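Asker: Handing over upload.cif, mmCIF, N, CA and C atoms.
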data_input
loop_
_atom_site.label_atom_id
_atom_site.label_comp_id
_atom_site.auth_asym_id
_atom_site.auth_seq_id
_atom_site.Cartn_x
_atom_site.Cartn_y
_atom_site.Cartn_z
N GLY A 1 124.39 -25.84 65.92
CA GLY A 1 125.24 -24.66 65.70
C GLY A 1 125.41 -23.93 67.01
N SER A 2 124.95 -22.68 67.11
CA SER A 2 125.07 -21.88 68.33
C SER A 2 124.16 -22.35 69.47
N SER A 3 123.36 -23.40 69.26
CA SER A 3 122.95 -24.31 70.31
C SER A 3 123.14 -25.73 69.80
N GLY A 4 123.21 -26.66 70.74
CA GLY A 4 123.47 -28.07 70.53
C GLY A 4 122.76 -28.94 71.56
N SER A 5 121.78 -28.39 72.30
CA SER A 5 120.88 -29.15 73.14
C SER A 5 119.49 -28.53 73.07
N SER A 6 118.49 -29.36 73.35
CA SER A 6 117.09 -29.00 73.52
C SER A 6 116.45 -30.07 74.40
N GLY A 7 115.17 -29.92 74.75
CA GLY A 7 114.45 -30.91 75.55
C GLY A 7 114.40 -32.22 74.78
N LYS A 8 113.81 -32.19 73.58
CA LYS A 8 113.91 -33.28 72.62
C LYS A 8 115.26 -33.19 71.90
N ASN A 9 115.60 -34.26 71.17
CA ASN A 9 116.78 -34.38 70.33
C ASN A 9 116.29 -34.89 68.99
N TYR A 10 116.58 -34.16 67.91
CA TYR A 10 116.11 -34.38 66.55
C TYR A 10 114.58 -34.40 66.42
N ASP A 11 114.12 -34.61 65.19
CA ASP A 11 112.73 -34.87 64.83
C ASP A 11 112.75 -35.66 63.53
N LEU A 12 111.62 -36.28 63.19
CA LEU A 12 111.37 -36.83 61.86
C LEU A 12 110.79 -35.69 61.01
N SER A 13 111.59 -34.66 60.74
CA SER A 13 111.14 -33.44 60.08
C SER A 13 112.20 -32.91 59.13
N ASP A 14 111.74 -32.33 58.02
CA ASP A 14 112.55 -31.60 57.04
C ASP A 14 112.05 -30.14 56.91
N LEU A 15 111.33 -29.65 57.92
CA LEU A 15 110.66 -28.35 57.94
C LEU A 15 111.40 -27.38 58.88
N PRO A 16 111.23 -26.05 58.74
CA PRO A 16 111.79 -25.07 59.67
C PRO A 16 111.25 -25.26 61.09
N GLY A 17 111.97 -24.71 62.07
CA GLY A 17 111.43 -24.48 63.40
C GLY A 17 110.45 -23.31 63.36
N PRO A 18 109.33 -23.36 64.10
CA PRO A 18 108.24 -22.40 63.94
C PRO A 18 108.61 -20.99 64.41
N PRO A 19 107.84 -19.97 63.99
CA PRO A 19 107.93 -18.62 64.54
C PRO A 19 107.57 -18.56 66.04
N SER A 20 107.86 -17.42 66.68
CA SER A 20 107.38 -17.10 68.02
C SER A 20 105.89 -16.72 67.98
N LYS A 21 105.23 -16.60 69.15
CA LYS A 21 103.91 -15.99 69.22
C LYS A 21 103.99 -14.59 68.62
N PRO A 22 103.05 -14.19 67.75
CA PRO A 22 102.93 -12.79 67.38
C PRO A 22 102.60 -11.88 68.58
N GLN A 23 102.81 -10.60 68.33
CA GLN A 23 102.30 -9.45 69.04
C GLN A 23 101.21 -8.86 68.18
N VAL A 24 100.56 -7.90 68.80
CA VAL A 24 99.58 -7.03 68.18
C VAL A 24 100.05 -5.59 68.40
N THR A 25 99.94 -4.74 67.38
CA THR A 25 100.40 -3.36 67.46
C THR A 25 99.26 -2.39 67.11
N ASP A 26 99.11 -2.02 65.84
CA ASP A 26 98.06 -1.14 65.34
C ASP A 26 96.76 -1.93 65.30
N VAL A 27 95.63 -1.35 65.68
CA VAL A 27 94.32 -1.91 65.35
C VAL A 27 93.35 -0.78 65.00
N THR A 28 92.34 -1.12 64.21
CA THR A 28 91.28 -0.22 63.77
C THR A 28 89.95 -0.97 63.86
N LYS A 29 88.94 -0.50 63.13
CA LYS A 29 87.72 -1.24 62.92
C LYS A 29 87.95 -2.52 62.10
N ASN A 30 88.91 -2.59 61.17
CA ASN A 30 89.01 -3.75 60.27
C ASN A 30 90.41 -4.05 59.74
N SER A 31 91.43 -3.30 60.13
CA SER A 31 92.82 -3.71 60.01
C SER A 31 93.41 -3.90 61.40
N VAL A 32 94.41 -4.76 61.53
CA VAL A 32 95.22 -4.91 62.72
C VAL A 32 96.61 -5.30 62.25
N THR A 33 97.65 -4.91 62.96
CA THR A 33 99.02 -5.21 62.61
C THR A 33 99.56 -6.20 63.63
N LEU A 34 100.22 -7.23 63.10
CA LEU A 34 100.84 -8.32 63.83
C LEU A 34 102.34 -8.19 63.63
N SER A 35 103.12 -8.43 64.67
CA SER A 35 104.58 -8.46 64.62
C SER A 35 105.01 -9.78 65.24
N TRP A 36 105.95 -10.52 64.66
CA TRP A 36 106.51 -11.70 65.30
C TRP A 36 108.01 -11.72 65.05
N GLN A 37 108.72 -12.64 65.71
CA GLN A 37 110.11 -12.97 65.43
C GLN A 37 110.15 -14.34 64.73
N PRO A 38 111.06 -14.52 63.76
CA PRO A 38 110.96 -15.59 62.77
C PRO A 38 111.32 -16.96 63.35
N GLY A 39 111.06 -18.00 62.56
CA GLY A 39 111.60 -19.32 62.79
C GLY A 39 113.10 -19.35 62.47
N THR A 40 113.69 -20.53 62.55
CA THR A 40 115.05 -20.81 62.11
C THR A 40 114.99 -22.04 61.19
N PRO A 41 115.91 -22.10 60.21
CA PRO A 41 116.07 -23.25 59.34
C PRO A 41 116.79 -24.42 60.02
N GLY A 42 116.95 -25.47 59.24
CA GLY A 42 117.60 -26.71 59.59
C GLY A 42 118.00 -27.39 58.29
N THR A 43 117.22 -28.35 57.83
CA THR A 43 117.39 -29.09 56.61
C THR A 43 117.43 -28.15 55.41
N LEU A 44 116.42 -27.27 55.30
CA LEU A 44 116.21 -26.41 54.14
C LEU A 44 116.04 -24.96 54.59
N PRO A 45 116.12 -23.99 53.66
CA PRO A 45 115.76 -22.60 53.89
C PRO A 45 114.24 -22.46 53.89
N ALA A 46 113.77 -21.31 54.34
CA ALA A 46 112.37 -20.92 54.36
C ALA A 46 112.04 -20.19 53.07
N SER A 47 110.82 -20.41 52.60
CA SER A 47 110.28 -19.78 51.42
C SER A 47 109.49 -18.54 51.81
N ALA A 48 108.48 -18.65 52.67
CA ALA A 48 107.62 -17.52 53.05
C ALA A 48 106.87 -17.87 54.32
N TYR A 49 105.92 -17.04 54.73
CA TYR A 49 105.02 -17.30 55.83
C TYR A 49 103.57 -17.27 55.32
N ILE A 50 102.66 -17.78 56.13
CA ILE A 50 101.22 -17.55 56.09
C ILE A 50 100.85 -16.89 57.42
N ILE A 51 99.70 -16.22 57.43
CA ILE A 51 98.97 -15.94 58.65
C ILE A 51 97.58 -16.52 58.42
N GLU A 52 97.06 -17.24 59.41
CA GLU A 52 95.67 -17.63 59.49
C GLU A 52 95.00 -16.82 60.58
N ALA A 53 93.68 -16.77 60.53
CA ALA A 53 92.80 -16.25 61.55
C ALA A 53 91.63 -17.19 61.66
N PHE A 54 90.93 -17.07 62.77
CA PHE A 54 89.76 -17.83 63.11
C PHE A 54 88.90 -16.91 63.94
N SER A 55 87.59 -16.96 63.73
CA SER A 55 86.63 -16.18 64.47
C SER A 55 85.29 -16.88 64.43
N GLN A 56 84.76 -17.21 65.60
CA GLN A 56 83.53 -17.97 65.70
C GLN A 56 82.35 -17.23 65.05
N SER A 57 82.38 -15.91 65.16
CA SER A 57 81.43 -14.94 64.61
C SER A 57 81.72 -14.54 63.15
N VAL A 58 82.53 -15.29 62.40
CA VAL A 58 82.89 -14.98 61.01
C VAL A 58 82.55 -16.23 60.22
N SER A 59 83.36 -17.27 60.37
CA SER A 59 83.16 -18.60 59.86
C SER A 59 83.80 -19.52 60.90
N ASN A 60 83.22 -20.70 61.07
CA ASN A 60 83.60 -21.68 62.08
C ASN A 60 85.01 -22.29 61.85
N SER A 61 85.71 -21.88 60.79
CA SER A 61 86.96 -22.43 60.27
C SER A 61 88.17 -21.56 60.65
N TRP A 62 89.38 -22.15 60.70
CA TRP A 62 90.62 -21.40 60.49
C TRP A 62 90.72 -21.11 59.00
N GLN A 63 91.09 -19.89 58.60
CA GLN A 63 91.31 -19.55 57.19
C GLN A 63 92.61 -18.78 57.03
N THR A 64 93.16 -18.87 55.83
CA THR A 64 94.29 -18.08 55.36
C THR A 64 93.81 -16.63 55.21
N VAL A 65 94.56 -15.68 55.76
CA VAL A 65 94.25 -14.24 55.76
C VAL A 65 95.46 -13.38 55.37
N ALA A 66 96.65 -13.99 55.23
CA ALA A 66 97.69 -13.56 54.32
C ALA A 66 98.47 -14.80 53.88
N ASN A 67 99.06 -14.76 52.68
CA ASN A 67 99.71 -15.89 52.03
C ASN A 67 101.03 -15.40 51.45
N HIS A 68 102.06 -16.25 51.54
CA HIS A 68 103.40 -15.98 51.01
C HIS A 68 103.97 -14.65 51.53
N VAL A 69 103.80 -14.41 52.83
CA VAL A 69 104.26 -13.22 53.54
C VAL A 69 105.77 -13.31 53.65
N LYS A 70 106.48 -12.28 53.20
CA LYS A 70 107.95 -12.24 53.18
C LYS A 70 108.51 -11.29 54.24
N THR A 71 107.69 -10.88 55.21
CA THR A 71 108.04 -9.95 56.28
C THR A 71 107.63 -10.55 57.62
N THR A 72 107.99 -9.83 58.67
CA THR A 72 107.84 -10.17 60.07
C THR A 72 106.82 -9.27 60.77
N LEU A 73 106.31 -8.24 60.07
CA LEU A 73 105.33 -7.28 60.57
C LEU A 73 104.31 -7.13 59.45
N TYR A 74 103.02 -7.37 59.71
CA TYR A 74 102.00 -7.37 58.68
C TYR A 74 100.66 -6.85 59.20
N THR A 75 100.16 -5.78 58.58
CA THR A 75 98.80 -5.28 58.66
C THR A 75 97.84 -6.25 57.94
N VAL A 76 97.11 -7.02 58.73
CA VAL A 76 95.86 -7.68 58.39
C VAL A 76 94.83 -6.61 58.02
N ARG A 77 93.90 -6.90 57.12
CA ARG A 77 92.84 -5.98 56.67
C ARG A 77 91.53 -6.74 56.50
N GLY A 78 90.45 -6.02 56.19
CA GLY A 78 89.20 -6.59 55.71
C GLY A 78 88.34 -7.23 56.79
N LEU A 79 88.71 -7.07 58.05
CA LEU A 79 88.09 -7.73 59.19
C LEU A 79 86.74 -7.07 59.47
N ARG A 80 86.12 -7.44 60.58
CA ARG A 80 84.84 -6.91 61.02
C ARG A 80 85.08 -6.11 62.29
N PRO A 81 84.53 -4.90 62.40
CA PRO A 81 84.54 -4.15 63.65
C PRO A 81 83.83 -4.90 64.79
N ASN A 82 84.19 -4.56 66.04
CA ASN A 82 83.73 -5.12 67.32
C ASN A 82 83.60 -6.66 67.31
N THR A 83 84.47 -7.34 66.57
CA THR A 83 84.49 -8.78 66.36
C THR A 83 85.84 -9.29 66.87
N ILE A 84 85.80 -10.39 67.61
CA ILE A 84 86.98 -11.09 68.09
C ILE A 84 87.65 -11.81 66.92
N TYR A 85 88.97 -11.93 66.98
CA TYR A 85 89.77 -12.74 66.06
C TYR A 85 90.89 -13.43 66.80
N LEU A 86 91.25 -14.59 66.29
CA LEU A 86 92.52 -15.25 66.58
C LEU A 86 93.39 -15.15 65.36
N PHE A 87 94.70 -15.33 65.57
CA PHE A 87 95.69 -15.41 64.51
C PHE A 87 96.72 -16.46 64.89
N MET A 88 97.25 -17.21 63.91
CA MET A 88 98.52 -17.92 64.04
C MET A 88 99.35 -17.57 62.82
N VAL A 89 100.67 -17.62 62.94
CA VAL A 89 101.61 -17.49 61.84
C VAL A 89 102.07 -18.91 61.52
N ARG A 90 102.38 -19.17 60.25
CA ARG A 90 102.91 -20.43 59.77
C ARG A 90 104.11 -20.14 58.89
N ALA A 91 105.21 -20.89 59.02
CA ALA A 91 106.31 -20.82 58.07
C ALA A 91 106.03 -21.79 56.93
N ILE A 92 106.57 -21.46 55.76
CA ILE A 92 106.54 -22.25 54.54
C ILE A 92 107.97 -22.50 54.08
N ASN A 93 108.18 -23.65 53.45
CA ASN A 93 109.45 -24.10 52.89
C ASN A 93 109.17 -24.97 51.65
N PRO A 94 110.21 -25.47 50.94
CA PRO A 94 110.05 -26.31 49.76
C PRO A 94 109.33 -27.66 49.95
N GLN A 95 108.93 -28.05 51.17
CA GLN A 95 108.48 -29.40 51.50
C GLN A 95 107.14 -29.43 52.24
N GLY A 96 106.68 -28.32 52.81
CA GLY A 96 105.49 -28.29 53.65
C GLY A 96 105.30 -26.94 54.29
N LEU A 97 104.28 -26.82 55.13
CA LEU A 97 104.23 -25.81 56.18
C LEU A 97 104.95 -26.38 57.40
N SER A 98 105.53 -25.51 58.23
CA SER A 98 106.05 -25.84 59.55
C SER A 98 104.90 -26.11 60.52
N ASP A 99 105.23 -26.64 61.69
CA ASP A 99 104.42 -26.45 62.90
C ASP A 99 103.95 -24.98 62.98
N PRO A 100 102.77 -24.70 63.56
CA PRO A 100 102.30 -23.32 63.71
C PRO A 100 103.11 -22.59 64.79
N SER A 101 103.01 -21.26 64.80
CA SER A 101 103.33 -20.47 65.98
C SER A 101 102.30 -20.77 67.09
N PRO A 102 102.58 -20.35 68.33
CA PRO A 102 101.53 -20.02 69.29
C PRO A 102 100.44 -19.12 68.68
N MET A 103 99.20 -19.23 69.16
CA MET A 103 98.14 -18.26 68.89
C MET A 103 98.46 -16.90 69.51
N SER A 104 98.09 -15.84 68.80
CA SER A 104 98.08 -14.44 69.24
C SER A 104 97.29 -14.21 70.53
N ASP A 105 96.35 -15.10 70.84
CA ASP A 105 95.25 -14.93 71.79
C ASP A 105 94.24 -13.88 71.26
N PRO A 106 92.95 -13.93 71.66
CA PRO A 106 91.86 -13.29 70.92
C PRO A 106 91.95 -11.77 70.99
N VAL A 107 92.27 -11.12 69.88
CA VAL A 107 92.14 -9.66 69.76
C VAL A 107 90.65 -9.34 69.60
N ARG A 108 90.27 -8.09 69.83
CA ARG A 108 89.00 -7.52 69.40
C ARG A 108 89.33 -6.33 68.52
N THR A 109 88.67 -6.21 67.37
CA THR A 109 88.69 -4.98 66.59
C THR A 109 88.04 -3.85 67.41
N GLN A 110 88.15 -2.60 66.96
CA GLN A 110 87.57 -1.47 67.67
C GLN A 110 86.09 -1.39 67.31
N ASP A 111 85.66 -0.32 66.66
CA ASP A 111 84.31 -0.15 66.13
C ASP A 111 84.44 0.78 64.92
N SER A 112 83.40 0.84 64.11
CA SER A 112 83.31 1.64 62.90
C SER A 112 82.87 3.08 63.22
N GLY A 113 83.02 3.56 64.46
CA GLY A 113 82.95 4.99 64.75
C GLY A 113 84.25 5.68 64.31
N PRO A 114 84.35 7.02 64.40
CA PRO A 114 85.59 7.73 64.11
C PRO A 114 86.59 7.69 65.28
N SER A 115 86.13 7.44 66.51
CA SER A 115 86.88 7.64 67.75
C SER A 115 87.43 9.07 67.87
N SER A 116 86.59 10.08 67.63
CA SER A 116 86.86 11.42 68.15
C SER A 116 86.58 11.40 69.65
N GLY A 117 87.64 11.42 70.44
CA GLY A 117 87.65 11.53 71.89
C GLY A 117 89.11 11.39 72.27
#
Rewrite the structure of this file - the entire thing - as structure tokens.

Answerer:
Amino acid sequence: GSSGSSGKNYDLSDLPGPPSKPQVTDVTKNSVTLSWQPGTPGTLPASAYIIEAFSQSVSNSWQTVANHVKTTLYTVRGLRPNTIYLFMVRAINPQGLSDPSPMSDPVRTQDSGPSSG
């Protein structure tokens, strides 16, 4: 469409093109807000997004930390203060998940003080 070239040409895929790397906006002791710009369709439309997180000091796994996200800006919650986190965004469609976004790179939560200062 409004482009017609890329480095590669086609794929063996029926999935959306992935989101951009998220940003980070609001953070607290245990919520943080992520903002990204969306993927684009091809074969099919998009259904929703996921966000995963990973933290060595939480569980050794990547886990789902929001599911069927219908927005581009999302407050994560329930985290641990003074703990590092990673995030990736994933698109969803009628056939699979897309390729992931880039990682957010490791945020740190604040602390469970009030931050009067």

Asker: Residue by residue, what does the PyMOL selection byres (((chain A and resi 86-99 and name CA) around 6) and name CA) grab here? Present the result as a list in words.

Answerer: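 Residues picked by the PyMOL selection byres (((chain A and resi 86-99 and name CA) around 6) and name CA): residues 15, 16, 18, 46, 47, 48, 49, 50, 51, 52, 53, 54, 85, 100, 101, 103, 104, 105 and 106 of chain A.
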
Asker: Just the number, please: distance in Å from atom CA of residue A:11 to atom N of residue A:45, one decimal.

Answerer: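 We find that atom CA of residue A:11 and atom N of residue A:45 lie 16.0 Å from each other.
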
Asker: Assuming the chain letters and numbering stay as they are in my file, what does the PyMOL selection byres ((chain A and resi 40) around 6) actually select? List them as a count of residues only.

Answerer: 7

Asker: List as an mmCIF file with N, CA and C atoms, in the coordinates of the input the protein and nucleic acid residues near residue A:80, meaning an atom at most 6.5 Å away when only N, CA and C atoms are counted, but skip any in the same chain fewer than 4 places from it.

Answerer:
data_model
loop_
_atom_site.group_PDB
_atom_site.id
_atom_site.type_symbol
_atom_site.label_atom_id
_atom_site.label_comp_id
_atom_site.auth_asym_id
_atom_site.auth_seq_id
_atom_site.Cartn_x
_atom_site.Cartn_y
_atom_site.Cartn_z
ATOM 1 N N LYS A 29 88.940 -0.500 63.130
ATOM 2 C CA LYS A 29 87.720 -1.240 62.920
ATOM 3 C C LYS A 29 87.950 -2.520 62.100
ATOM 4 N N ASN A 30 88.910 -2.590 61.170
ATOM 5 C CA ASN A 30 89.010 -3.750 60.270
ATOM 6 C C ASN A 30 90.410 -4.050 59.740
ATOM 7 N N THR A 109 88.670 -6.210 67.370
ATOM 8 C CA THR A 109 88.690 -4.980 66.590
ATOM 9 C C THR A 109 88.040 -3.850 67.410
#

Asker: Using all atoms of stretch 9-21 of chain A listed in the file and a margin of 6 Å per side, can you give the axis-aligned box centre and edge lengths in Å to one decimal, as lines of an AutoDock Vina configuration file?

Answerer:
center_x = 110.3
center_y = -25.7
center_z = 64.0
size_x = 24.9
size_y = 34.2
size_z = 26.3

Asker: Quick check for you: according to DSSP on this backbone, which residues of chain A are classed as strand (DSSP E or B)? Reply as a PyMOL selection string.

Answerer: chain A and resi 17+23-27+32-35+40+48-55+59-69+73-76+84-93+96-100+107-108

Asker: To one decimal in Å, tell me the separation between atom C of residue A:68 and atom N of residue A:32.

Answerer: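 Interatomic distance, atom C of residue A:68 to atom N of residue A:32: 17.0 Å.
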
Asker: Quick one: of A:6, A:71, A:25, A:31, who's nearest to residue A:112, counting only C-alpha atoms?

Answerer: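 That would be A:31, the residue with the smallest distance to residue A:112.
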
Asker: Could you name the residues that touch residue A:55 at 8 Å or less, counting only C-alpha atoms, but leaving out those on the same chain fewer than 3 positions away, as a compact mmCIF listing (two decimals) with N, CA and C atoms, in the coordinates of the input?

Answerer:
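Now in around-v4.txt:
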# COMPACT_ATOMS: atom_id res chain seq x y z
N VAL A 58 82.53 -15.29 62.40
CA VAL A 58 82.89 -14.98 61.01
C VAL A 58 82.55 -16.23 60.22
N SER A 59 83.36 -17.27 60.37
CA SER A 59 83.16 -18.60 59.86
C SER A 59 83.80 -19.52 60.90
N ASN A 60 83.22 -20.70 61.07
CA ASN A 60 83.60 -21.68 62.08
C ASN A 60 85.01 -22.29 61.85
N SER A 61 85.71 -21.88 60.79
CA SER A 61 86.96 -22.43 60.27
C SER A 61 88.17 -21.56 60.65
N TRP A 62 89.38 -22.15 60.70
CA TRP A 62 90.62 -21.40 60.49
C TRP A 62 90.72 -21.11 59.00
N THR A 83 84.47 -7.34 66.57
CA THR A 83 84.49 -8.78 66.36
C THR A 83 85.84 -9.29 66.87
N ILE A 84 85.80 -10.39 67.61
CA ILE A 84 86.98 -11.09 68.09
C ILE A 84 87.65 -11.81 66.92
N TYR A 85 88.97 -11.93 66.98
CA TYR A 85 89.77 -12.74 66.06
C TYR A 85 90.89 -13.43 66.80
N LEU A 86 91.25 -14.59 66.29
CA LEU A 86 92.52 -15.25 66.58
C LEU A 86 93.39 -15.15 65.36

Asker: Counting only C-alpha atoms, which of A:111, A:8, A:33, A:3 gets nearest to residue A:77?

Answerer: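 Of all the options, A:33 lies closest to residue A:77.
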
Asker: Calculate how many Å separate atom CA of residue A:75 from atom N of residue A:116, rounding to one decimal.

Answerer: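 Interatomic distance here is 21.6 Å.
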
Asker: Complete stretch 2-15 of chain A with N, CA, C and O atoms (output as a PDB file, keeping the file's coordinate frame).

Answerer:
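Below is the file rebuild12.pdb, written as the result:
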ATOM      1  N   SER A   2     124.950 -22.680  67.110  1.00  0.00           N
ATOM      2  CA  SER A   2     125.070 -21.880  68.330  1.00  0.00           C
ATOM      3  C   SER A   2     124.160 -22.350  69.470  1.00  0.00           C
ATOM      4  O   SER A   2     124.205 -21.795  70.571  1.00  0.00           O
ATOM      5  N   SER A   3     123.360 -23.400  69.260  1.00  0.00           N
ATOM      6  CA  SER A   3     122.950 -24.310  70.310  1.00  0.00           C
ATOM      7  C   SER A   3     123.140 -25.730  69.800  1.00  0.00           C
ATOM      8  O   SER A   3     123.229 -25.980  68.587  1.00  0.00           O
ATOM      9  N   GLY A   4     123.210 -26.660  70.740  1.00  0.00           N
ATOM     10  CA  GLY A   4     123.470 -28.070  70.530  1.00  0.00           C
ATOM     11  C   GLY A   4     122.760 -28.940  71.560  1.00  0.00           C
ATOM     12  O   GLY A   4     123.097 -30.114  71.682  1.00  0.00           O
ATOM     13  N   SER A   5     121.780 -28.390  72.300  1.00  0.00           N
ATOM     14  CA  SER A   5     120.880 -29.150  73.140  1.00  0.00           C
ATOM     15  C   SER A   5     119.490 -28.530  73.070  1.00  0.00           C
ATOM     16  O   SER A   5     119.322 -27.340  72.785  1.00  0.00           O
ATOM     17  N   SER A   6     118.490 -29.360  73.350  1.00  0.00           N
ATOM     18  CA  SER A   6     117.090 -29.000  73.520  1.00  0.00           C
ATOM     19  C   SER A   6     116.450 -30.070  74.400  1.00  0.00           C
ATOM     20  O   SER A   6     117.117 -31.041  74.771  1.00  0.00           O
ATOM     21  N   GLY A   7     115.170 -29.920  74.750  1.00  0.00           N
ATOM     22  CA  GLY A   7     114.450 -30.910  75.550  1.00  0.00           C
ATOM     23  C   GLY A   7     114.400 -32.220  74.780  1.00  0.00           C
ATOM     24  O   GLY A   7     114.895 -33.251  75.240  1.00  0.00           O
ATOM     25  N   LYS A   8     113.810 -32.190  73.580  1.00  0.00           N
ATOM     26  CA  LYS A   8     113.910 -33.280  72.620  1.00  0.00           C
ATOM     27  C   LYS A   8     115.260 -33.190  71.900  1.00  0.00           C
ATOM     28  O   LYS A   8     115.957 -32.182  71.983  1.00  0.00           O
ATOM     29  N   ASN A   9     115.600 -34.260  71.170  1.00  0.00           N
ATOM     30  CA  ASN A   9     116.780 -34.380  70.330  1.00  0.00           C
ATOM     31  C   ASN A   9     116.290 -34.890  68.990  1.00  0.00           C
ATOM     32  O   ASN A   9     115.640 -35.944  68.955  1.00  0.00           O
ATOM     33  N   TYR A  10     116.580 -34.160  67.910  1.00  0.00           N
ATOM     34  CA  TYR A  10     116.110 -34.380  66.550  1.00  0.00           C
ATOM     35  C   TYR A  10     114.580 -34.400  66.420  1.00  0.00           C
ATOM     36  O   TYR A  10     113.850 -34.173  67.382  1.00  0.00           O
ATOM     37  N   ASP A  11     114.120 -34.610  65.190  1.00  0.00           N
ATOM     38  CA  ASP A  11     112.730 -34.870  64.830  1.00  0.00           C
ATOM     39  C   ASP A  11     112.750 -35.660  63.530  1.00  0.00           C
ATOM     40  O   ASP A  11     113.746 -35.660  62.798  1.00  0.00           O
ATOM     41  N   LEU A  12     111.620 -36.280  63.190  1.00  0.00           N
ATOM     42  CA  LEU A  12     111.370 -36.830  61.860  1.00  0.00           C
ATOM     43  C   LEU A  12     110.790 -35.690  61.010  1.00  0.00           C
ATOM     44  O   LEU A  12     109.615 -35.726  60.647  1.00  0.00           O
ATOM     45  N   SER A  13     111.590 -34.660  60.740  1.00  0.00           N
ATOM     46  CA  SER A  13     111.140 -33.440  60.080  1.00  0.00           C
ATOM     47  C   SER A  13     112.200 -32.910  59.130  1.00  0.00           C
ATOM     48  O   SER A  13     113.395 -32.952  59.438  1.00  0.00           O
ATOM     49  N   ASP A  14     111.740 -32.330  58.020  1.00  0.00           N
ATOM     50  CA  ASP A  14     112.550 -31.600  57.040  1.00  0.00           C
ATOM     51  C   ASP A  14     112.050 -30.140  56.910  1.00  0.00           C
ATOM     52  O   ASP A  14     112.304 -29.472  55.906  1.00  0.00           O
ATOM     53  N   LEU A  15     111.330 -29.650  57.920  1.00  0.00           N
ATOM     54  CA  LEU A  15     110.660 -28.350  57.940  1.00  0.00           C
ATOM     55  C   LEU A  15     111.400 -27.380  58.880  1.00  0.00           C
ATOM     56  O   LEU A  15     112.096 -27.859  59.779  1.00  0.00           O
TER      57      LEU A  15
END
